[PDB]
């Protein structure tokens, strides 16, 4: 769910408030997404978006009404390391992995403020 993803990013980037810093960035970081990614951070979000779409393709997810944004899963942050729990069932485990990969991706690429609140005209 959104609140777990928020925590994962903070696990990797302790100085940020992810829901503020990484929302409405480029063409993909935020609700929806289209066009060509503007930079590598934006590409991280495109990959994350594709991961969520793939998750909704799984038979294990189409059984629950929980949406990737509201579906809770278990994970831990320890020494700034993210670990998805084995207690997670099929759907939750896939989502957890999508989020973990994105959080790590976010922490490895440059952040370009020029792309914040980008005009959808570019997407």
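Positions refer to the first chain, counted from 1.
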Report task. Give the stretch, out of 19 to 27 and 102 to 110, with the larger mean C-alpha temperature factor in the deposited entry. Result -> 19 to 27
Query raised in the report: Which wins on mean Cα temperature factor, 5 to 13 or 111 to 119?
Result: 111 to 119
Report task. Among the candidates 56, 95, 38, 84, give the one with the maximum CA B-factor reported in the record. Result -> 56
Query - 76, 67, 47, 88, ranked by C-alpha B-factor: the highest one - result: 67
